[PDB]
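Encoded as structure tokens, the following chain is the form deposited in one PDB entry, with no partner shown.
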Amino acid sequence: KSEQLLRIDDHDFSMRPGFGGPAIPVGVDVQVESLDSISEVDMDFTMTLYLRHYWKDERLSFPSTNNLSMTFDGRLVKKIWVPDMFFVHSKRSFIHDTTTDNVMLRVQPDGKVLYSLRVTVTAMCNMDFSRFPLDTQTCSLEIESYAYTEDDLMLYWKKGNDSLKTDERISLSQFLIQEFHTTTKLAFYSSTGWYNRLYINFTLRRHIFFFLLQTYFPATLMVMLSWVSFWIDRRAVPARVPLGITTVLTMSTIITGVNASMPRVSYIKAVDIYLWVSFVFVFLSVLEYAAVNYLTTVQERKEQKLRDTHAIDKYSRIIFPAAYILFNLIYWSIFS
């Protein structure tokens, strides 16, 4: 029996190696397989990865006439000591078990142990949508020991920045993934003390041109279309009035459709500012012709009682485009 080469019953496997002495170093290597999905409303993402641990235990040394190693499955985990790593700020996770548990153990003759498992984890990531759709989001994944402090277990990246590997075909449907790197930081808990924590960082970006074409283009086109009425004769009321009211209706429908296709985030974003400024512009373009018509009627009635182009249109033709251009300059300087 292979388990009789390792004196399992001659040692206590409820304690860490080197109990009572210096802490044992444990190295961690991570390979990212894929990113499953990302949820903006709940602010989380799902990742599938390989987790590997490296440590040495003299109690597992066995004699041999060569340098061959022994490989064991997940059934030997319950009989030996293994590190109790867990993912910080996670919501749910599981280990794949088809067609059997995806756990592997390799033991060297001198006691070096490799422990590898395949896991899927969902972790939280706070996001800020104030600059949507020009926002940038940075999410991280954290790994920490649960019950062992820095005095008993020392956690580190085995090969520094080379310990993280990513798949060549990792991608997201609506996001761009970039800038993968690893960092470490010490965390303190008042109940037990200090812990070592490992981080995996990456950055997310959107496709700007899609949102520009879908949102900013129709609003600008409708605003420029609302300026057509300034070049129409003031005497054609049944042409000036329906044009303005239908432009208002079209802008309202465009705004509603754009809102219906965005994530349900309940605070003001830049796109909302742009759309409502456009709506205000169309509203003012309607009030302008209302005032022109009233003044024309008053003047005609006064002339009849006593017995060309209106200046308001001339000034509006210059003022409205200049105001819109100034607003666009300020907006795109603020939001880059």
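Rigid core here is just the name for the largest C-alpha set that superposes within 1.5 Å across the two forms. In case it trips you up, residue 1 is the first one in the sequence shown, and so on.
Heads up, the form deposited in another entry isn't pictured, but that's what we're talking about next.
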| item | value |
| --- | --- |
| Option from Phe230, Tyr195, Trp157, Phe87 moving between this form and the one not shown, CA shift at or above 2 Å, rigid core reference | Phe230 |
| Yes/no, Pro109 Cα shift of 2 Å or more between this form and the one not shown with rigid core fixed | no |
| CA of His207, rigid core aligned, shift of 2 Å or more between this form and the one not shown | no |
| Large Cα shift (2 Å or above) at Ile170 between this form and the one not shown, core-fitted | no |
